[PDB]
């Protein structure tokens, strides 16, 4: 059914991000002390990781396909906010962001976004 179909696609997309070269740095929430960034949660007020999104998909927390996108994009927005442009981490976030936006097209996920935006308008 409709929601089952884009839940399955979102699970496939998120797993492809996890397996992207360097994607492991977004898999879990940043450990401020262990990663030597003690000010991280002073800057990032809405943290997000791939495993957070996977948990929301597993538990059924998303009601609209755009909610999945907003969370994944939040990962990359947090990355660009905290990390200086050109740094290793910022470069990796820009790369996976571009990969994610292309996957939303080639999988057809954006088609579910368009349908759902019309249903709930």
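Positions refer to the first chain, counted from 1.
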{"query": "Which of 105 to 113 and 20 to 28 has higher mean CA B factor, as the PDB entry lists it", "finding": "105 to 113"}
{"query": "Given 49, 73, 61, 85, the residue at which the Cα B factor reaches its maximum", "finding": "85"}
{"query": "Third of the chain's Cα B-factor distribution that residue 13 belongs to, per the entry", "finding": "highest"}
{"query": "Where the record places residue 94 (Cα B-factor, split into thirds across the chain)", "finding": "middle"}
{"query": "Assigned third (lowest, middle, highest) for the C-alpha B factor of residue 66", "finding": "lowest"}
{"query": "Chain-relative CA temperature factor third for residue 35", "finding": "highest"}
